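The structure appears right after this line, and notes come after that.
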Amino acid sequence: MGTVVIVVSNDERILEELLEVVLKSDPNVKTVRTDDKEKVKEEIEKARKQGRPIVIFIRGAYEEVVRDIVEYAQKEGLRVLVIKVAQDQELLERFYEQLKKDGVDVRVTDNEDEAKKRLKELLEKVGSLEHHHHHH
């Protein structure tokens with residue numbers, strides 16, 4: 001109950017399309033476009049309260065803010081899983097390194113087409129692990 005899945009991508013329309021994917025898949029799973037620091041934390045309190053997964057849509061430039069939020073989500077003791085569209089960028093990689101070095105799990109989809117599929121497939125169960133055995 002109350003798993004936190006943070007959908008990040010640089011382009012807006014991707015987060016919009018991917019919003020509609022998860023929102024129509026389940027309207028009680030709180031898909032919040034906010035890109036904020038304090039608000040995400042407030043919505044996480046609501047998520048754990050209901051006992052439902054929460055999907056936070058942050059942009060690539062805004063993703064820098066997510067590390068401020070990570071501390072709170074750890075203090076909760078929740079499963080923190082960042083679903084992130086990689087696409088060969090130094091800024092995108094810069095922040096990404098902080099997640100893995102810390103211990104927060106990050107699913108790099110590396111595409112937008114598969115990203116939306118990943119989201120709905122994680123709602124089939126909970127979203128707390130890889131759906132493929134990542135050899136290479």
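A note on labels: chains of the structure tokens are A, B, ... as shown, every chain counts residues from 1, and ligands are counted from 1 in their shown order.
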
Excluding residue 13 in chain A and its own-chain neighbours fewer than 4 positions away, which residues fall within 12 Å of it when counting only C-alpha atoms? Please give them as a PyMOL selection string. chain A and resi 8-9+17-20+57+59+112

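Omitting residue 93 in chain A and its sequence neighbours fewer than 3 positions away, and counting only C-alpha atoms, the residues within 12 Å are residues 60, 61, 63, 64, 84, 85, 86, 87, 88, 89, 90, 96, 97, 98, 99, 100, 106, 108 and 110 of chain A.
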
Counting only C-alpha atoms, closest pick from A:102, A:113, A:38, A:26 relative to residue 125 in chain A is A:26

Long-range neighbours of residue 32 in chain A as a ChimeraX atom specification, 8 Å cut-off, only C-alpha atoms, 3 positions minimum in chain = /A:54-57

Contact residues around residue 73 in chain A with only C-alpha atoms at 12 Å, ignoring same-chain residues under 4 positions, as a list in words: residues 2, 3, 4, 5, 6, 37, 38, 40, 41, 42, 43, 44, 45, 47, 48, 54, 66, 67, 68, 69, 77, 78, 79, 80, 81, 82 and 104 of chain A

Exercise for the section: Select from chain A everything DSSP, run on the backbone, classes as alpha helix (DSSP H), then give the selection as an MDAnalysis selection string. Expected result: chainID A and resid 12:25 38:50 66:76 90:102 113:123
